[PDB]
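Participant: First, the structure itself, so that you have it in front of you.
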Amino acid sequence: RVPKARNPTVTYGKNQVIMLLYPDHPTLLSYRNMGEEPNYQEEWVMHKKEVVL
Amino acid sequence: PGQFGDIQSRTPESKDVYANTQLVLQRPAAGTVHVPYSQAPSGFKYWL
Amino acid sequence: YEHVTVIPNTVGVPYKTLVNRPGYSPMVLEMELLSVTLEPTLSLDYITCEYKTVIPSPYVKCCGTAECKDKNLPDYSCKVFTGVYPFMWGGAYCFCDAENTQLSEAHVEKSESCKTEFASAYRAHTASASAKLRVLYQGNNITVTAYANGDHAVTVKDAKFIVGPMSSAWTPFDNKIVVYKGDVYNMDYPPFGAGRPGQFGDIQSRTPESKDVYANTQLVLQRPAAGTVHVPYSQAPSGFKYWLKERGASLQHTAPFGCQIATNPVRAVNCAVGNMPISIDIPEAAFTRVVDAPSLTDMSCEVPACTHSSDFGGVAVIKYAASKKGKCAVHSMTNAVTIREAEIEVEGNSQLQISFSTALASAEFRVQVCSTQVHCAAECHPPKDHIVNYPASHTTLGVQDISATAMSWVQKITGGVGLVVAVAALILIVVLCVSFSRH
Ligand SMILES: *[C@@H]1O[C@H](CO)[C@@H](O[C@@H]2O[C@H](CO)[C@@H](O[C@@H]3O[C@H](CO)[C@@H](O)[C@H](O[C@H]4O[C@H](CO)[C@@H](O)[C@H](O)[C@@H]4O[C@@H]4O[C@H](CO)[C@@H](O)[C@H](O)[C@H]4NC(C)=O)[C@@H]3O)[C@H](O)[C@H]2NC(C)=O)[C@H](O)[C@H]1NC(C)=O
Ligand SMILES: *[C@@H]1O[C@H](CO[C@@H]2O[C@@H](C)[C@@H](O)[C@@H](O)[C@@H]2O)[C@@H](O[C@@H]2O[C@H](CO)[C@@H](O[C@@H]3O[C@H](CO)[C@@H](O)[C@H](O)[C@@H]3O)[C@H](O)[C@H]2NC(C)=O)[C@H](O)[C@H]1NC(C)=O
């Protein structure tokens with residue numbers, strides 16, 4: 001059994017998603033484009049953090 | 001939610017409490033009686 | 001009746017095709033890809049798993065010298081050390097003060113945890129595609145599942161469907177694949193018998209039950225510490241655990257075109273690459289003669305609102321006069337506008353409402369209902385919500401069906417510049433004609 005992180009707080013902007021993240025433990029956040037070039041990126045979040053994608 | 005001011009009240013003794021903590025109830029796990037939820041942690045503590 | 005169509009490989013977006021048999025009421029079929037599964041053919045080369053170093057007890061021979069015979073074990077080494085004086089809990093091992101020898105031998109073999117904890121290295125050659133399809137056939141929702149190689153035909157409601165082959169051969173797998181449990185990695189693993197110490201593939205075997213083990217771990221024995229009977233050794237730690245601690249992101253999270261990856265069997269699911277041909281055979285019994293189906297005349301179209309959002313933001317109302325009550329297919333005559341409804345119920349003189357989506361600033365299109373065409377025109381406004389969670393239901397605008405109704409600025413500027421150029425060319429022609437006539 002592994003836990004599920006809290007729901008991030010999501011806001012929107014012109015071709016932007018702004019996510020506020022509240023991890024209890026170091027949580028892996030990754031994202032990729034779903035086109036020809038995924039441009040996969042990942043990072044470990046240890047504390048509350050705001051990410052603009 | 002999750003920032004300074006997620007819960008507010010006019011005075012410490014007032015019973016008027018405004019709360020925006022993004023509280024979403026989740027499905028309990030099979031075979032258990034717990035009440036799971038996904039709630040943004042206290043913005044006051046994060047500010048502290 | 002045989003009908004040939006092509007639909008994009010996008011999953012979860014329905015597409016509508018028009019089965020048009022002249023002399024019969026046209027039909028509209030809505031097909032949606034629920035899942036496209038690519039299952040490649042895999043040939044196993046070897047499996048890599050944690051090794052264990054089997055070290056028998058040391059052989060302490062005093063007033064003597066031990067020798068070891070070279071054995072053919074996967075990675076086997078003997079060393080005899082001289083001048084050892086081992087101690088027990090009680091005292092010295094034996095009377096013999098010097099010239100004592102200790103033979104220490106060690107080899108490497110697959111740990112029994114290889115039965116469960118292992119990573120397989122496969123070769124991927126070709127992919128056999130399959131597809132699950134939801135079809136709106138004569139107002140009924142039917143689900144089919146069939147191979148997408150263009151070879152398998154599936155029959156539902158006496159209608160035959162041939163799906164594929166997919167127009168693109170792209171797959172997220174390159175030639176060499178590593179499968180651990182449920183994570184597929186795209187890695188150039190070393191060939192069998194060429195593994196290197198401290199990396200992936202240090203210990204290999206052709207099959208999980210094969211006794212043939214290729215181990216390359218730089219296993220070197222070292223002299224035991226004075227007054228101790230232990231067997232020290234210098235060995236590169238297991239390459240499988242090393243690979244596990246730095247696996248990186250598996251293909252499930254970095255595959256292009258948003259492919260999902262599954263294992264047992266290894267599948268690539270919902271890859272939105274290229275498109276997919278579909279051939280449809282419909283019985284002549286399913287068709288209906290035009291004289292029986294309703295016919296619509298005195299038909300006009302008006303759009304009260306249009307919003308070129310990813311959802312169906314546009315609404316059109318069509319006034320019609322129906323000869324008889326019944327169902328009728330509705331289809332778009334342009335590729336830039338997608339109609340949500342597939343069939344409407346019509347009776348008498350009335351009006352009907354349809355929902356549509358588009359990307360055009362000025363939506364100018366035509367709608368066919370019971371072989372009657374109506375030209376709809378509208379000005380569409382952009383939405384206020386920046387981001388949505390669902391793919392666009394309309395097709396993208398290209399290079400021909402472009403611009404808005406306020407393209408008349410382009411026409412005006414082109415006409416003005418062309419008029420200036422025409423005036424200059426006319427003056428030049430007049431002058432040249434005068435000069436040529438004059439001599
Ligand atoms: C914990 O859970 C894991 C996974 O859930 C279990 O591992 C599974 O163990 C099974 C038992 O061995 C594996 O099943 C078979 O294992 C064979 C070992 O030799 C393996 O060779 C088999 O694979 C062949 O057959 C498949 C049939 O579809 C083929 O797709 C595949 O490519 C293989 O084909 C062979 O290819 C070579 C290459 O030339 C040929 O020479 C052979 O002739 C081909 N054989 C056949 C039959 O065509 C088969 O998988 C199972 O694979 C394995 N799981 C995984 C993911 O690999 C653990 O056992 C479990 N733990 C415990 C304690 O039970
Ligand atoms: C044929 O199927 C389509 C697609 O729906 C799929 O098939 C159905 C049988 C169900 O298994 C669905 O879960 C599945 O995805 C049907 O179109 C969809 O119908 C559903 C309900 O009929 C619509 O859901 C509703 O949507 C409204 C608006 O958001 C909500 O308020 C409702 O609470 C409900 O969720 C869905 O929007 C709709 N989708 C589209 C693209 O039209 C279709 O109705 C069905 N037809 C027949 C005759 O069975």
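Just so we're on the same page: first chain in the structure tokens is A, next is B, and so on; residues restart at 1 for each chain, and ligands are numbered from 1 in the order they show up.
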Find the residues near segment 5-7 of chain B: any atom within 8 Å, counting only C-alpha atoms, skip ones fewer than 3 places away on the same chain, and give them as a ChimeraX atom specification.
Facilitator: /B:1-2,17-21,42-44
Participant: Using only C-alpha atoms and all ligand atoms, determine which residues fall within 10 Å of ligand 1, then list them as a VMD selection string.
Facilitator: chain C and resid 40 to 47 112 to 120 122 to 124 179 to 182 206 to 210 263 to 266
Participant: Write out as an MDAnalysis selection string each polymer residue (protein, DNA or RNA) that has an atom no more than 12 Å from ligand 2, with only C-alpha atoms and all ligand atoms counted.
Facilitator: chainID C and resid 11:16 29:34 133:143 311:312 338:343 355:356 390:393
Participant: List every residue of chain B that DSSP, applied to the backbone, labels as strand (DSSP E), and write the result as a list in words.
Facilitator: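 After running DSSP on the backbone, chain B has strand (DSSP E) at residues 7, 8, 18, 19, 24, 25, 37 and 38 of chain B.
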Participant: Quick one: distance from atom CA of residue 212 of chain C to atom CA of residue 55 of chain C in Å, one decimal?
Facilitator: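 Result for atom CA of residue 212 of chain C versus atom CA of residue 55 of chain C: 19.4 Å, one decimal.
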Participant: Of the residues A:3, A:8, A:35, A:13, which is the one nearest to residue 49 of chain A, using only C-alpha atoms?
Facilitator: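 When distances to residue 49 of chain A are compared using only C-alpha atoms, the smallest one comes from A:8.
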Participant: For a quick test of understanding: name the residues of chain B lying within 12 Å of chain A when counting only C-alpha atoms, and present them as a PDB file with C-alpha atoms, in the first residue's frame.
Facilitator:
ATOM      1  CA  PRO B   1      -6.706  27.318   0.496  1.00  0.00           C
ATOM      2  CA  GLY B   2      -3.247  26.564   1.828  1.00  0.00           C
ATOM      3  CA  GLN B   3      -2.310  30.237   2.213  1.00  0.00           C
ATOM      4  CA  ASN B  20     -12.096  27.785   2.136  1.00  0.00           C
ATOM      5  CA  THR B  21      -9.892  24.723   2.616  1.00  0.00           C
ATOM      6  CA  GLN B  22     -10.900  22.801  -0.539  1.00  0.00           C
ATOM      7  CA  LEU B  23     -12.326  19.906   1.460  1.00  0.00           C
ATOM      8  CA  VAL B  24     -13.223  16.994  -0.826  1.00  0.00           C
ATOM      9  CA  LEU B  25     -14.459  13.706   0.599  1.00  0.00           C
ATOM     10  CA  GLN B  26     -12.890  10.578  -0.888  1.00  0.00           C
ATOM     11  CA  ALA B  29     -10.932   1.922   1.158  1.00  0.00           C
ATOM     12  CA  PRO B  36     -10.767   9.795   3.946  1.00  0.00           C
ATOM     13  CA  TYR B  37     -10.530  13.323   2.614  1.00  0.00           C
ATOM     14  CA  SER B  38      -8.267  15.519   0.502  1.00  0.00           C
ATOM     15  CA  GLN B  39      -7.915  18.856   2.274  1.00  0.00           C
ATOM     16  CA  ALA B  40      -5.428  21.656   1.766  1.00  0.00           C
ATOM     17  CA  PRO B  41      -3.353  21.929   4.965  1.00  0.00           C
ATOM     18  CA  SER B  42      -3.692  24.905   7.278  1.00  0.00           C
ATOM     19  CA  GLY B  43      -2.493  28.089   5.632  1.00  0.00           C
ATOM     20  CA  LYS B  45       0.767  26.844   9.843  1.00  0.00           C
ATOM     21  CA  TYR B  46       2.399  27.158   6.420  1.00  0.00           C
ATOM     22  CA  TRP B  47       2.652  30.908   6.961  1.00  0.00           C
TER      23      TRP B  47
END
Participant: Would you please work out which residue, of C:418, C:396, C:314, C:345, is nearest to residue 383 of chain C when using only C-alpha atoms?
Facilitator: C:314
Participant: Compile the residues of chain A that lie within 10 Å of chain C, evaluated using only C-alpha atoms, and express the compilation as a CSV table (one decimal) with N, CA and C atoms, in the first residue's frame.
Facilitator:
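Output contents, as saved in part-v3.csv:
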chain,number,residue,atom,x,y,z
A,11,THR,N,-5.0,26.7,-10.9
A,11,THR,CA,-5.6,27.8,-11.5
A,11,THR,C,-5.1,27.8,-13.0
A,12,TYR,N,-5.7,28.6,-13.8
A,12,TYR,CA,-5.4,28.6,-15.3
A,12,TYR,C,-5.0,30.0,-15.8
A,13,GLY,N,-4.2,30.0,-16.8
A,13,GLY,CA,-3.8,31.2,-17.5
A,13,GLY,C,-3.5,30.9,-18.9
A,14,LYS,N,-3.2,31.9,-19.7
A,14,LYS,CA,-3.0,31.7,-21.2
A,14,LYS,C,-1.9,30.7,-21.4
A,15,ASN,N,-2.3,29.5,-21.9
A,15,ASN,CA,-1.4,28.4,-22.1
A,15,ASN,C,-0.5,28.1,-20.9
A,16,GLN,N,-1.1,28.3,-19.7
A,16,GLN,CA,-0.4,28.0,-18.4
A,16,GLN,C,-1.4,27.3,-17.5
A,17,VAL,N,-0.8,26.4,-16.7
A,17,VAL,CA,-1.5,25.8,-15.5
A,17,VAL,C,-0.6,26.1,-14.3
A,30,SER,N,5.9,15.0,-12.2
A,30,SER,CA,6.4,14.9,-13.5
A,30,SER,C,5.3,15.4,-14.5
A,31,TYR,N,5.8,15.8,-15.7
A,31,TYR,CA,4.9,16.2,-16.7
A,31,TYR,C,5.5,16.0,-18.1
A,32,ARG,N,4.7,15.9,-19.1
A,32,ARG,CA,5.1,15.6,-20.5
A,32,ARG,C,4.1,16.2,-21.4
A,33,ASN,N,4.6,16.7,-22.5
A,33,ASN,CA,3.7,17.0,-23.7
A,33,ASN,C,3.2,15.7,-24.3
A,34,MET,N,2.0,15.7,-24.8
A,34,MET,CA,1.4,14.6,-25.4
A,34,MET,C,1.5,14.7,-26.9
A,35,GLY,N,2.5,15.4,-27.5
A,35,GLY,CA,2.6,15.5,-28.9
A,35,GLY,C,3.8,14.7,-29.4
A,36,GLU,N,4.5,15.2,-30.5
A,36,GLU,CA,5.6,14.4,-31.0
A,36,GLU,C,6.8,14.4,-30.0
A,37,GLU,N,7.1,15.5,-29.4
A,37,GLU,CA,8.2,15.5,-28.4
A,37,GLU,C,7.6,15.7,-27.0
A,38,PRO,N,7.7,14.6,-26.2
A,38,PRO,CA,7.1,14.7,-24.9
A,38,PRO,C,7.8,15.7,-24.0
A,39,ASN,N,9.1,16.0,-24.1
A,39,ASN,CA,9.8,16.9,-23.3
A,39,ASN,C,9.6,16.6,-21.8
A,40,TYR,N,9.8,15.3,-21.5
A,40,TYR,CA,9.5,14.9,-20.1
A,40,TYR,C,10.4,15.6,-19.1
A,41,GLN,N,9.7,16.1,-18.0
A,41,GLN,CA,10.4,16.8,-17.0
A,41,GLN,C,9.9,16.3,-15.6
A,42,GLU,N,10.7,16.2,-14.6
A,42,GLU,CA,10.3,15.7,-13.3
A,42,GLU,C,11.1,16.4,-12.2
Participant: Just give me the gap between atom CA of residue 302 of chain C and atom CA of residue 397 of chain C in Å, one decimal is fine.
Facilitator: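 Computed distance, atom CA of residue 302 of chain C to atom CA of residue 397 of chain C, equals 22.8 Å.
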Participant: One number please: atom CA of residue 107 of chain C to atom CA of residue 94 of chain C, in Å, one decimal.
Facilitator: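 Between atom CA of residue 107 of chain C and atom CA of residue 94 of chain C the gap is 27.8 Å.
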Participant: If we count only C-alpha atoms and set the cut-off at 7 Å, which residues sit around residue 74 of chain C, ignoring sequence neighbours fewer than 6 positions away in its own chain? Please answer as a list in words.
Facilitator: residues 107, 108, 109, 213, 214 and 215 of chain C
Participant: Using the selection just defined, write its residues with N, CA, C and O atoms as a PDB file, in the first residue's frame.
Facilitator:
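Contents of part_27.pdb, as written:
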ATOM      1  N   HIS C 107      32.811 -18.207  -5.563  1.00  0.00           N
ATOM      2  CA  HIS C 107      32.212 -18.147  -6.887  1.00  0.00           C
ATOM      3  C   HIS C 107      30.895 -17.392  -6.811  1.00  0.00           C
ATOM      4  O   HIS C 107      30.445 -16.999  -5.735  1.00  0.00           O
ATOM      5  N   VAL C 108      30.284 -17.175  -7.971  1.00  0.00           N
ATOM      6  CA  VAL C 108      29.090 -16.347  -8.091  1.00  0.00           C
ATOM      7  C   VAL C 108      27.993 -17.158  -8.762  1.00  0.00           C
ATOM      8  O   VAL C 108      28.234 -17.809  -9.786  1.00  0.00           O
ATOM      9  N   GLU C 109      26.788 -17.123  -8.195  1.00  0.00           N
ATOM     10  CA  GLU C 109      25.665 -17.818  -8.806  1.00  0.00           C
ATOM     11  C   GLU C 109      24.395 -17.001  -8.623  1.00  0.00           C
ATOM     12  O   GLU C 109      24.295 -16.159  -7.728  1.00  0.00           O
ATOM     13  N   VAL C 213      25.234 -19.202 -16.645  1.00  0.00           N
ATOM     14  CA  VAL C 213      25.325 -17.900 -15.999  1.00  0.00           C
ATOM     15  C   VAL C 213      26.609 -17.222 -16.447  1.00  0.00           C
ATOM     16  O   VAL C 213      27.696 -17.794 -16.310  1.00  0.00           O
ATOM     17  N   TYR C 214      26.488 -16.011 -16.979  1.00  0.00           N
ATOM     18  CA  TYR C 214      27.643 -15.192 -17.319  1.00  0.00           C
ATOM     19  C   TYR C 214      27.804 -14.110 -16.265  1.00  0.00           C
ATOM     20  O   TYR C 214      27.013 -13.164 -16.216  1.00  0.00           O
ATOM     21  N   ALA C 215      28.826 -14.247 -15.429  1.00  0.00           N
ATOM     22  CA  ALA C 215      29.057 -13.321 -14.332  1.00  0.00           C
ATOM     23  C   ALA C 215      30.386 -12.613 -14.531  1.00  0.00           C
ATOM     24  O   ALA C 215      31.414 -13.255 -14.765  1.00  0.00           O
TER      25      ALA C 215
END
